[PDB]
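Visitor: Quick one: structure below, then a few questions.
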Amino acid sequence: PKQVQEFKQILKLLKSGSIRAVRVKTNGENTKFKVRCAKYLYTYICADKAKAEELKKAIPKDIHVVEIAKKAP
Amino acid sequence: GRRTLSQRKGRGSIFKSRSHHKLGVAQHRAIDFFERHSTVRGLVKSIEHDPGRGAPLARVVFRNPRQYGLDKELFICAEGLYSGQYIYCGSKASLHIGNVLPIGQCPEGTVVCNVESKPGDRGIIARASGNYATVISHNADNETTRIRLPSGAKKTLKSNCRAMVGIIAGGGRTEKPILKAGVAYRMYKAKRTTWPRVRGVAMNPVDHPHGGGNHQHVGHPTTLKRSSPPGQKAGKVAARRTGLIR
Amino acid sequence: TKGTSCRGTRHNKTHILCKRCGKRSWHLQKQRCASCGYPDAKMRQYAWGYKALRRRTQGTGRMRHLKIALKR
Amino acid sequence: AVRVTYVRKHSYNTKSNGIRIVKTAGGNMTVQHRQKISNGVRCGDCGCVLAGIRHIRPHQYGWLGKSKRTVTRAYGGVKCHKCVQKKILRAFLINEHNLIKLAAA
Amino acid sequence: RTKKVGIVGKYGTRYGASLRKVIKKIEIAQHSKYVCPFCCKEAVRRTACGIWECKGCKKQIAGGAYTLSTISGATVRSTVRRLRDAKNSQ
Amino acid sequence: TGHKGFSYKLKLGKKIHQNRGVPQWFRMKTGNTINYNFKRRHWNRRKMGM
RNA sequence: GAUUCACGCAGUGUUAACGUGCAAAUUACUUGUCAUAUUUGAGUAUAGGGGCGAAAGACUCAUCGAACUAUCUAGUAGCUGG
RNA sequence: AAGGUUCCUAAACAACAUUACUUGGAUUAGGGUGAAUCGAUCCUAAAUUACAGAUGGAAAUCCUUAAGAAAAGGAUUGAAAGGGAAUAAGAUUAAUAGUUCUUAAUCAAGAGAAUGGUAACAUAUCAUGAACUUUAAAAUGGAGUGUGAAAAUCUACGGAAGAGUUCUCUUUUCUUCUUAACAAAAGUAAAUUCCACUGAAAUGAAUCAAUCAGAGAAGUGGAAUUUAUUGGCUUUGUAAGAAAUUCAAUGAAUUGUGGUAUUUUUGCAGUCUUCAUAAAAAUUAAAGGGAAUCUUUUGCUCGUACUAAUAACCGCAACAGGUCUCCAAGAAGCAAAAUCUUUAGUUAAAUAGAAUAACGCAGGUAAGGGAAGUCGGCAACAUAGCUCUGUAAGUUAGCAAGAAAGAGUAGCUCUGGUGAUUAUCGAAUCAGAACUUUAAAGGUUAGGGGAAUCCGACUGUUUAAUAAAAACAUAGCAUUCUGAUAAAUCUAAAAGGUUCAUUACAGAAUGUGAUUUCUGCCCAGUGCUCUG
RNA sequence: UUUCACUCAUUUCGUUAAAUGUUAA
């Protein structure tokens, strides 16, 4: 698993065709966007809800998105 | 009776040499043209400890005179050699310590070690620690020279036998008194199985010719002919004298 | 301690099964079979071992191909 | 104190059977197989350990980056920087001497 | 610390007074430091029997079993030097 | 042992297979004298020497 | 190749127990020893007038002043028993 | 290793486990052992075996690269403890699990002629590099001291949740508060080695110890490597969604920060020690040289159950005997000692009940005397830790020596000494003073001492199973032969074999037995030798 | 009749059977 550091690395990651699955985890403070690629599981820790919403707009429509919360799926 | 331990030693079962950590064969390089009509320069890369022998061994590195590459030798260290030294071998080599020269180019009274008894056989005589042989005389009539062996014997050799100038390192090794049985046990780490030597008189009549009766004694003279069969040849063989010397 | 006690350390095999005779007579360190005389081409037979000859010889097995030939 | 067991079938504390006990979830301690300690490169002349090259197993240099197993210098990775300076002086000074010694002395 | 048993006091009282006196001469010279014939520093210490290494000077020298240079190996170096000079000139 | 050769394990399996008894139907044949397998052994009774 | 204790080991004494035994050599206390002439596993080498032995004729699969096994062999007996 | 189905489940108890058995490692019948990453397979070590050759009447022996029209160079085997490409956490089964499932990775084989820094040296592949050669790694003893880090134990601050005690008190005692492989790089360590500036004497620098310096110290500024995966520790992705502790009837709650304490493990740094110098190959990288011009597929064969022992192994057995290892809590103490407890395991391990005779086996005590017993203080008793004082003759001057001998030691309440940061914080250790008592090492653990004589010098070894010694060994002393085509010596023979990878400071064969002192006279006899 | 001189069987060795011998240069 690799951690991306800024937004522009994960905007570029999503618009590529190599995505395989996205899981969104909501925690007490932050939100993690664990994009599952072919090799690694890249994740982005965001601390602003507005920035989190922008990421969900950029997610393609043919890809499955899983939302995880205080209860495991 | 049984077979005495001297007989069992010739079989070589537990009496084989403990030569596993030994460095190699310490000898001169093979004789060729450049050692017979020119000189080769060798570099003393390192000086190392060969198990089972008192003298150190030098890792000399000659260039290959006919091909491209190196030629790694293993000499016996003359006392004085150091790492990074240059040594020259050949008929035209200078008379410096560590240089290998034919025995005929050395002046009278010079000191050589690791002498060849027969040309091209890469060293026979004067190889132990501190030992050396001295050149006595030359004979240009038949190209033969006389040297004095470290035992005091005089030997005649062909004048083209090679030898290294100097004294073998590690002198005075045997002047330090061993003190403990443990130290003598450690001496034969890279040698044969011979150390704890039971007296024959302490044995039994089957095991040894000395195996005595109600008093520990030999009972017959301990000086024997050279032609005694193995098994009864114990003591002193062909002894011309005995007792303490005055 | 030459009796009961010294038997505890016996856990190392000396012989294992042989490929040619099927018996546990293959000496691991001698690399030969004590019974059928392995890699030696000829089978190990002796005249003093007359019982050993009547235990493994011709006619003690299936005779898969010789039973037809002699019957023929 | 939680006591552990060897995971593999080796049962002797040989050099290749080194283990490290680490902690895991719930207070359980598991067994990790730890690597052996290697040696670095040495100068071919003075036998001193070179700088800039890591001390890892010989096959692990295949996984290393191509620039992380040698130093960008003549005889890099085989000779110390002092081992090389004397090489240059020997090559130059001796050749200079052989120009005044022979060649119309 | 000791009156007349300098280094062989580690042997205690169990090898004969003479044998401890004899080994004292060798054991002092075996562990002693010698003047290095190249860098002239008292920094040569024995590694093995017959091998001596200059510590702060990067050299290995072949010498005696317990001393850097023996008496027999000292007159030989001079003897060869004299013969070398005589051979060159006439 | 835990570690064993391939052929040795199959000769161990056959020894397991031969440690069985006479099936009941075989005992009901006319003129039958085979009731028990006298080549039977148990791990703690006799070691099979292999 | 100093003095000791401990995990272990040995086997000084009781000439204790046991002595158709827990055991075809063991147990208890006591004693000695308890890392460099140390302890120990696996692999490997040495074979019967042979090997191996810090040497007791000790050890060489409960077998040793010449192993075990089979053949010569139903060895011979002026001796003993029927 | 050895065993081999002994593993698990169900039915069932005739036999077996010195009574019995519903129990069983016993009877019957089914079920169970899943790997690209763990091992074998691969490499070589001591050693071992082939074709051709050599030897032999023969069977067969020798040789292992030397003898060969054989093998760029030397053949086969030899390690489940030596070397080696790569996998971890959680869950799951009546039983397999670094093997299955979920999740997350890694490795191999593929398929799609450069910059920067003074320098040490540095740049997600980058940034070409053939033949040939070299270097390094794999790959190398032990002791002891200091120290970095992790874990465990202990402890300080701050809480959350649950349990125990509670007529006598106790803001109390106890349990949980966790995190993998592989990677990232906010913050930040210890040690060593190098680089640049400058040039040390009024010599400095530094350690527990040392040790270092004009072929250049200390100072300042840098570079590199090591520290159980990337980069050592905290932290981060993994990853809280797991797991642990609670509550409710699947769903909810929390998961701070420290320590100048101890142990273990793991490295590092120099010191000591050797007539001891403490493996090789497979395999990999780099250099010198200048020839040439992210996605996806596959990862085969075999072992894998169980015991590993006061019941699965070897001893005829469910035998008090024997058999190689890994992990390892509290008290107390110098102590991994004796003694007691925690997690885990077990209460059965060749049958019991009653009575409480003699003679026994094991453990004890005793009036007065004190070895008078006996071959003999055999057996038992006795001294015993720590602190202080004190300690003979003799001596190889090192020891004797814990010589011998004498004094102190408890509990409670206090006082002082030994540090760190600028008053607070911490370490168990030493000394001292009053008071009280049953006057204190002694529950356990825990040397009897002295004066002489004989032997062996010492540490060591020995008759497995009646002798552990004064016997053997030992270092020391001494004698003999041998120039290596030799000496000794194995073989029937042998371009055969051992000491010998050797070379007189060596090899081989012997006697005496440390040190000190001394080794007297005899060459007729028997040996051995001679240049006669 | 030992006493010699050569090598040609023979003995003992060394290497990668790698400049031995005689002229020339």
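By convention here, the chains of the structure tokens are called A, B, ... in the order presented, each chain's residues are numbered starting at 1, and ligands are numbered starting at 1 in the order presented.
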Please list as a list in words every residue within 10 Å of residue 45 of chain G, counting only C-alpha atoms (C1' of nucleotides) and excluding residues in the same chain fewer than 3 positions away.
Guide: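 So the residues in contact are residues 12, 13 and 14 of chain B; 46 and 47 of chain H.
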Visitor: Print the selection's residues with N, CA and C atoms (P, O5', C5', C4', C3', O3' and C1' of nucleotides) to a file, as a PDB file, in the first residue's frame.
Guide:
ATOM      1  N   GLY B  12      47.448 -44.899   7.679  1.00  0.00           N
ATOM      2  CA  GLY B  12      46.859 -43.605   7.420  1.00  0.00           C
ATOM      3  C   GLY B  12      45.349 -43.621   7.458  1.00  0.00           C
ATOM      4  N   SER B  13      44.779 -43.896   8.629  1.00  0.00           N
ATOM      5  CA  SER B  13      43.338 -43.846   8.820  1.00  0.00           C
ATOM      6  C   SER B  13      42.938 -42.694   9.732  1.00  0.00           C
ATOM      7  N   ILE B  14      43.467 -42.662  10.955  1.00  0.00           N
ATOM      8  CA  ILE B  14      43.350 -41.503  11.826  1.00  0.00           C
ATOM      9  C   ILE B  14      44.650 -40.732  11.913  1.00  0.00           C
TER      10      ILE B  14
ATOM     11  P     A H  46      37.043 -32.111   1.362  1.00  0.00           P
ATOM     12  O5'   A H  46      37.140 -33.179   2.536  1.00  0.00           O
ATOM     13  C5'   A H  46      37.950 -32.946   3.677  1.00  0.00           C
ATOM     14  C4'   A H  46      37.453 -33.728   4.864  1.00  0.00           C
ATOM     15  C3'   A H  46      37.322 -35.228   4.658  1.00  0.00           C
ATOM     16  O3'   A H  46      38.538 -35.927   4.858  1.00  0.00           O
ATOM     17  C1'   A H  46      35.322 -34.395   5.575  1.00  0.00           C
ATOM     18  P     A H  47      39.361 -36.509   3.609  1.00  0.00           P
ATOM     19  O5'   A H  47      38.413 -37.625   2.992  1.00  0.00           O
ATOM     20  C5'   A H  47      38.165 -38.843   3.676  1.00  0.00           C
ATOM     21  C4'   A H  47      36.723 -39.252   3.536  1.00  0.00           C
ATOM     22  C3'   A H  47      36.378 -40.124   2.341  1.00  0.00           C
ATOM     23  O3'   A H  47      36.670 -41.494   2.541  1.00  0.00           O
ATOM     24  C1'   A H  47      34.829 -38.362   2.487  1.00  0.00           C
TER      25        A H  47
END
Visitor: At a cut-off of 9 Å, using only C-alpha atoms (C1' of nucleotides), what residues contact segment 24-29 of chain E? Leave out same-chain residues fewer than 4 positions from it and give the result as a ChimeraX atom specification.
Guide: /B:175-176 /E:5-8,19-20,33,66-67
Visitor: Using only C-alpha atoms (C1' of nucleotides), select each residue of chain C with any atom at most 12 Å away from an atom of chain G, and give the selection as an NGL selection string.
Guide: :C and (1-7 or 9-12 or 14 or 28-30 or 46-52)
Visitor: Restrict the selected residues to N, CA and C atoms and save them as a compact mmCIF listing (two decimals), in the first residue's frame.
Guide:
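Result file again_11.txt:
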# COMPACT_ATOMS: atom_id res chain seq x y z
N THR C 1 27.07 -49.75 32.42
CA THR C 1 26.15 -49.07 31.54
C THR C 1 26.20 -49.64 30.13
N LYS C 2 26.77 -50.84 30.01
CA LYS C 2 26.83 -51.52 28.72
C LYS C 2 25.53 -52.23 28.38
N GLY C 3 24.57 -52.25 29.30
CA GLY C 3 23.33 -52.96 29.07
C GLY C 3 22.16 -52.08 28.69
N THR C 4 21.30 -51.78 29.66
CA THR C 4 20.05 -51.09 29.37
C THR C 4 20.28 -49.64 28.95
N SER C 5 21.17 -48.93 29.65
CA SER C 5 21.29 -47.49 29.44
C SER C 5 21.81 -47.17 28.05
N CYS C 6 22.79 -47.93 27.55
CA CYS C 6 23.42 -47.61 26.28
C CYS C 6 22.50 -47.80 25.09
N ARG C 7 21.35 -48.45 25.26
CA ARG C 7 20.42 -48.68 24.16
C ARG C 7 19.57 -47.47 23.83
N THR C 9 20.36 -44.46 22.81
CA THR C 9 20.87 -43.61 21.74
C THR C 9 20.75 -44.26 20.36
N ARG C 10 20.12 -45.43 20.28
CA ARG C 10 20.00 -46.16 19.02
C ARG C 10 18.82 -45.62 18.24
N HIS C 11 19.07 -44.58 17.44
CA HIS C 11 18.03 -44.01 16.60
C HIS C 11 18.56 -43.62 15.23
N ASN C 12 19.63 -44.28 14.77
CA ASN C 12 20.25 -43.98 13.48
C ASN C 12 20.31 -45.26 12.66
N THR C 14 21.34 -48.06 10.07
CA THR C 14 22.52 -48.58 9.38
C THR C 14 22.18 -49.15 8.01
N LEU C 28 24.22 -48.10 4.33
CA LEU C 28 24.21 -46.72 3.87
C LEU C 28 25.62 -46.17 3.69
N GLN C 29 26.56 -46.58 4.55
CA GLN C 29 27.92 -46.08 4.47
C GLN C 29 28.82 -46.95 3.60
N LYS C 30 28.54 -48.25 3.51
CA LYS C 30 29.28 -49.11 2.60
C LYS C 30 28.75 -49.07 1.18
N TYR C 46 26.49 -68.07 -1.83
CA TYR C 46 27.63 -68.81 -1.31
C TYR C 46 27.23 -70.25 -1.03
N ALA C 47 28.21 -71.15 -1.09
CA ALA C 47 27.93 -72.56 -0.88
C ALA C 47 27.68 -72.88 0.58
N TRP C 48 28.31 -72.15 1.50
CA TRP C 48 28.02 -72.34 2.91
C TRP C 48 26.64 -71.83 3.28
N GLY C 49 26.07 -70.94 2.46
CA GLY C 49 24.73 -70.46 2.67
C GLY C 49 23.71 -71.22 1.86
N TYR C 50 23.55 -72.51 2.15
CA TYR C 50 22.62 -73.32 1.38
C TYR C 50 21.17 -72.97 1.68
N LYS C 51 20.86 -72.61 2.93
CA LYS C 51 19.52 -72.12 3.23
C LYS C 51 19.25 -70.79 2.55
N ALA C 52 20.26 -69.92 2.49
CA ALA C 52 20.10 -68.65 1.80
C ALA C 52 19.80 -68.85 0.32
Visitor: Quick one: contact table of chain H to chain E, 8 Å max, nearest atom pair and distance in Å to one decimal per residue, counting only C-alpha atoms (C1' of nucleotides), chain and number order, as CSV?
Guide:
residue,atom,partner,partner_atom,distance
H:275,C1',E:49,CA,7.3
H:277,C1',E:48,CA,7.0
H:396,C1',E:17,CA,4.6
H:397,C1',E:3,CA,7.5
H:398,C1',E:12,CA,4.8
H:399,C1',E:13,CA,7.1
H:458,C1',E:14,CA,5.7
H:514,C1',E:16,CA,5.8
H:515,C1',E:16,CA,3.7
Visitor: Okay, now the selection with N, CA and C atoms (P, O5', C5', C4', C3', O3' and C1' of nucleotides), as a PDB file, in the first residue's frame?
Guide:
ATOM      1  P     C H 275      52.046 -18.665  20.860  1.00  0.00           P
ATOM      2  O5'   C H 275      52.970 -19.727  20.118  1.00  0.00           O
ATOM      3  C5'   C H 275      53.461 -19.479  18.806  1.00  0.00           C
ATOM      4  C4'   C H 275      53.409 -20.711  17.936  1.00  0.00           C
ATOM      5  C3'   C H 275      52.257 -21.672  18.220  1.00  0.00           C
ATOM      6  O3'   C H 275      51.771 -22.214  16.997  1.00  0.00           O
ATOM      7  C1'   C H 275      54.316 -22.815  18.418  1.00  0.00           C
ATOM      8  P     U H 277      46.086 -22.852  13.260  1.00  0.00           P
ATOM      9  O5'   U H 277      45.456 -21.419  12.995  1.00  0.00           O
ATOM     10  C5'   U H 277      44.057 -21.224  13.100  1.00  0.00           C
ATOM     11  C4'   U H 277      43.653 -19.816  12.744  1.00  0.00           C
ATOM     12  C3'   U H 277      44.172 -19.289  11.410  1.00  0.00           C
ATOM     13  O3'   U H 277      43.155 -18.519  10.779  1.00  0.00           O
ATOM     14  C1'   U H 277      44.833 -17.842  13.159  1.00  0.00           C
ATOM     15  P     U H 396      61.804 -21.691  47.775  1.00  0.00           P
ATOM     16  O5'   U H 396      61.022 -21.117  46.515  1.00  0.00           O
ATOM     17  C5'   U H 396      61.679 -20.304  45.552  1.00  0.00           C
ATOM     18  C4'   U H 396      60.987 -20.349  44.212  1.00  0.00           C
ATOM     19  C3'   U H 396      59.563 -19.806  44.184  1.00  0.00           C
ATOM     20  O3'   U H 396      59.316 -19.194  42.917  1.00  0.00           O
ATOM     21  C1'   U H 396      59.555 -22.078  43.533  1.00  0.00           C
ATOM     22  P     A H 397      59.830 -17.703  42.601  1.00  0.00           P
ATOM     23  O5'   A H 397      59.149 -16.805  43.720  1.00  0.00           O
ATOM     24  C5'   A H 397      57.833 -16.301  43.543  1.00  0.00           C
ATOM     25  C4'   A H 397      57.439 -15.352  44.647  1.00  0.00           C
ATOM     26  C3'   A H 397      58.207 -14.036  44.694  1.00  0.00           C
ATOM     27  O3'   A H 397      57.346 -13.014  45.195  1.00  0.00           O
ATOM     28  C1'   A H 397      58.538 -15.208  46.708  1.00  0.00           C
ATOM     29  P     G H 398      56.631 -11.980  44.197  1.00  0.00           P
ATOM     30  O5'   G H 398      55.480 -12.829  43.504  1.00  0.00           O
ATOM     31  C5'   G H 398      54.239 -13.047  44.155  1.00  0.00           C
ATOM     32  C4'   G H 398      53.414 -14.075  43.424  1.00  0.00           C
ATOM     33  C3'   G H 398      52.329 -14.757  44.239  1.00  0.00           C
ATOM     34  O3'   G H 398      51.140 -13.986  44.298  1.00  0.00           O
ATOM     35  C1'   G H 398      53.567 -16.372  43.013  1.00  0.00           C
ATOM     36  P     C H 399      50.083 -14.187  45.490  1.00  0.00           P
ATOM     37  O5'   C H 399      49.510 -15.649  45.249  1.00  0.00           O
ATOM     38  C5'   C H 399      48.847 -16.354  46.283  1.00  0.00           C
ATOM     39  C4'   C H 399      49.496 -17.686  46.532  1.00  0.00           C
ATOM     40  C3'   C H 399      49.007 -18.443  47.752  1.00  0.00           C
ATOM     41  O3'   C H 399      47.829 -19.180  47.497  1.00  0.00           O
ATOM     42  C1'   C H 399      51.366 -18.417  47.732  1.00  0.00           C
ATOM     43  P     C H 458      50.941 -34.705  39.919  1.00  0.00           P
ATOM     44  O5'   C H 458      50.557 -33.167  39.830  1.00  0.00           O
ATOM     45  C5'   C H 458      50.123 -32.473  40.984  1.00  0.00           C
ATOM     46  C4'   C H 458      49.839 -31.027  40.699  1.00  0.00           C
ATOM     47  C3'   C H 458      48.575 -30.740  39.918  1.00  0.00           C
ATOM     48  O3'   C H 458      47.405 -30.801  40.710  1.00  0.00           O
ATOM     49  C1'   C H 458      50.346 -29.479  39.024  1.00  0.00           C
ATOM     50  P     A H 514      60.325 -34.653  37.428  1.00  0.00           P
ATOM     51  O5'   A H 514      59.691 -33.240  37.089  1.00  0.00           O
ATOM     52  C5'   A H 514      59.333 -32.923  35.757  1.00  0.00           C
ATOM     53  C4'   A H 514      58.806 -31.520  35.650  1.00  0.00           C
ATOM     54  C3'   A H 514      59.739 -30.417  36.101  1.00  0.00           C
ATOM     55  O3'   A H 514      60.723 -30.099  35.137  1.00  0.00           O
ATOM     56  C1'   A H 514      57.612 -30.054  37.031  1.00  0.00           C
ATOM     57  P     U H 515      62.273 -30.095  35.549  1.00  0.00           P
ATOM     58  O5'   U H 515      62.378 -28.883  36.569  1.00  0.00           O
ATOM     59  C5'   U H 515      61.972 -27.577  36.186  1.00  0.00           C
ATOM     60  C4'   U H 515      61.982 -26.625  37.354  1.00  0.00           C
ATOM     61  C3'   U H 515      63.257 -26.595  38.170  1.00  0.00           C
ATOM     62  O3'   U H 515      64.268 -25.804  37.576  1.00  0.00           O
ATOM     63  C1'   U H 515      61.399 -26.712  39.623  1.00  0.00           C
TER      64        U H 515
END
Visitor: May I ask for the distance between atom CA of residue 42 of chain A and atom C1' of residue 237 of chain H, given in Å to one decimal place?
Guide: 8.2 Å
Visitor: Please identify which residues in segment 46-102 of chain B DSSP calls strand (DSSP E or B) from the backbone, and express them as a list in words.
Guide: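 After running DSSP on the backbone, segment 46-102 of chain B has strand (DSSP E or B) at residues 46, 47, 48, 57, 58, 59, 60, 61, 62, 63, 70, 71, 72, 74, 75, 76, 78, 82, 86, 87, 88, 89, 90, 100, 101 and 102 of chain B.
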Visitor: Show me, as JSON lines, the residues of chain D having an atom within 12 Å of chain B, each with the closest atom pair and its distance in Å, using only C-alpha atoms.
Guide:
{"residue": "D:44", "atom": "CA", "partner": "B:45", "partner_atom": "CA", "distance": 10.2}
{"residue": "D:45", "atom": "CA", "partner": "B:45", "partner_atom": "CA", "distance": 8.3}
{"residue": "D:46", "atom": "CA", "partner": "B:45", "partner_atom": "CA", "distance": 9.9}
{"residue": "D:47", "atom": "CA", "partner": "B:46", "partner_atom": "CA", "distance": 10.8}
Visitor: Quick one: everything within 8 Å of residue 59 of chain A, counting only C-alpha atoms (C1' of nucleotides), minus sequence neighbours fewer than 3 positions away in the same chain. Send it as a ChimeraX atom specification.
Guide: /A:14-15,55-56,63
Visitor: Those same residues, written as a PDB file, in the first residue's frame with C-alpha atoms?
Guide:
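Once written, part17.pdb looks like this:
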ATOM      1  CA  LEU A  14      -8.534   8.703 -11.155  1.00  0.00           C
ATOM      2  CA  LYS A  15      -8.677  10.015 -14.723  1.00  0.00           C
ATOM      3  CA  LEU A  55     -13.164  13.620  -5.264  1.00  0.00           C
ATOM      4  CA  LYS A  56     -16.512  11.835  -5.567  1.00  0.00           C
ATOM      5  CA  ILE A  63     -16.120   1.863 -11.536  1.00  0.00           C
TER       6      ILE A  63
END
Visitor: Excluding same-chain residues fewer than 2 positions from segment 53-63 of chain C, what lies within 12 Å of it counting only C-alpha atoms (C1' of nucleotides), as a ChimeraX atom specification?
Guide: /C:20-23,35-36,43-51,65-71
Visitor: Write to file, as a CSV table (one decimal), in the first residue's frame, the residues of the selection just made, with N, CA, C and O atoms.
Guide:
chain,number,residue,atom,x,y,z
C,20,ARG,N,17.2,-54.0,-5.3
C,20,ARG,CA,17.2,-55.2,-6.1
C,20,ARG,C,16.6,-56.4,-5.4
C,20,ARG,O,16.1,-57.3,-6.1
C,21,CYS,N,16.7,-56.5,-4.1
C,21,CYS,CA,16.2,-57.6,-3.3
C,21,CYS,C,15.1,-57.3,-2.4
C,21,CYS,O,14.4,-58.2,-1.8
C,22,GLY,N,14.8,-56.0,-2.2
C,22,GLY,CA,13.7,-55.6,-1.4
C,22,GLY,C,13.8,-55.7,0.1
C,22,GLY,O,13.0,-55.4,0.9
C,23,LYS,N,15.0,-56.3,0.6
C,23,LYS,CA,15.2,-56.5,2.0
C,23,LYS,C,15.9,-55.2,2.6
C,23,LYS,O,16.5,-54.5,1.9
C,35,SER,N,22.8,-58.6,1.5
C,35,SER,CA,22.1,-59.8,1.2
C,35,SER,C,22.2,-60.2,-0.2
C,35,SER,O,22.7,-61.3,-0.5
C,36,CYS,N,21.8,-59.3,-1.2
C,36,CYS,CA,21.7,-59.6,-2.6
C,36,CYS,C,23.0,-59.2,-3.3
C,36,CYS,O,23.0,-59.3,-4.5
C,43,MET,N,24.4,-61.9,-8.5
C,43,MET,CA,23.7,-62.0,-7.2
C,43,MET,C,24.7,-62.7,-6.2
C,43,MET,O,25.4,-63.6,-6.5
C,44,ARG,N,24.6,-62.3,-4.9
C,44,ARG,CA,25.5,-62.8,-3.9
C,44,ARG,C,25.0,-64.1,-3.4
C,44,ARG,O,24.0,-64.2,-2.7
C,45,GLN,N,25.7,-65.2,-3.7
C,45,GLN,CA,25.3,-66.5,-3.3
C,45,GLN,C,26.6,-67.3,-2.9
C,45,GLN,O,27.6,-67.1,-3.5
C,46,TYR,N,26.5,-68.1,-1.8
C,46,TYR,CA,27.6,-68.8,-1.3
C,46,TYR,C,27.2,-70.2,-1.0
C,46,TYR,O,26.1,-70.5,-0.8
C,47,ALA,N,28.2,-71.1,-1.1
C,47,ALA,CA,27.9,-72.6,-0.9
C,47,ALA,C,27.7,-72.9,0.6
C,47,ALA,O,26.9,-73.8,0.9
C,48,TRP,N,28.3,-72.1,1.5
C,48,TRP,CA,28.0,-72.3,2.9
C,48,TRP,C,26.6,-71.8,3.3
C,48,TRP,O,26.1,-72.2,4.3
C,49,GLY,N,26.1,-70.9,2.5
C,49,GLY,CA,24.7,-70.5,2.7
C,49,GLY,C,23.7,-71.2,1.9
C,49,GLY,O,23.1,-70.7,1.0
C,50,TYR,N,23.6,-72.5,2.2
C,50,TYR,CA,22.6,-73.3,1.4
C,50,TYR,C,21.2,-73.0,1.7
C,50,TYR,O,20.3,-73.0,0.8
C,51,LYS,N,20.9,-72.6,2.9
C,51,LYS,CA,19.5,-72.1,3.2
C,51,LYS,C,19.2,-70.8,2.6
C,51,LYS,O,18.1,-70.5,2.1
C,65,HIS,N,7.7,-64.9,-17.2
C,65,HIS,CA,8.0,-65.2,-18.6
C,65,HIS,C,8.6,-66.6,-18.8
C,65,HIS,O,8.5,-67.1,-19.9
C,66,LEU,N,9.2,-67.1,-17.8
C,66,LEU,CA,9.8,-68.5,-17.9
C,66,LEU,C,8.8,-69.6,-17.7
C,66,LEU,O,9.1,-70.7,-18.2
C,67,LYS,N,7.7,-69.3,-17.1
C,67,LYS,CA,6.7,-70.4,-17.0
C,67,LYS,C,6.0,-70.8,-18.3
C,67,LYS,O,5.7,-71.9,-18.5
C,68,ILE,N,5.9,-69.8,-19.2
C,68,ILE,CA,5.4,-70.1,-20.6
C,68,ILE,C,6.5,-70.8,-21.4
C,68,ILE,O,6.2,-71.7,-22.1
C,69,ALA,N,7.7,-70.4,-21.3
C,69,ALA,CA,8.8,-70.9,-22.2
C,69,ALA,C,9.0,-72.3,-21.9
C,69,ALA,O,9.1,-73.1,-22.9
C,70,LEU,N,9.2,-72.7,-20.6
C,70,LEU,CA,9.4,-74.1,-20.3
C,70,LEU,C,8.2,-75.0,-20.6
C,70,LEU,O,8.3,-76.2,-21.0
C,71,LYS,N,7.0,-74.4,-20.4
C,71,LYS,CA,5.8,-75.1,-20.7
C,71,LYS,C,5.7,-75.3,-22.3
C,71,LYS,O,5.2,-76.4,-22.7
Visitor: Extract, using only C-alpha atoms (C1' of nucleotides), all DNA, RNA and protein residues at most 12 Å from segment 114-117 of chain H, discarding same-chain residues fewer than 3 positions from it, and format them as a list in words.
Guide: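 Skipping anything fewer than 3 positions along the chain leaves residues 72 of chain D; 120, 121, 122, 123, 126, 127, 128, 195, 196, 222 and 223 of chain H.
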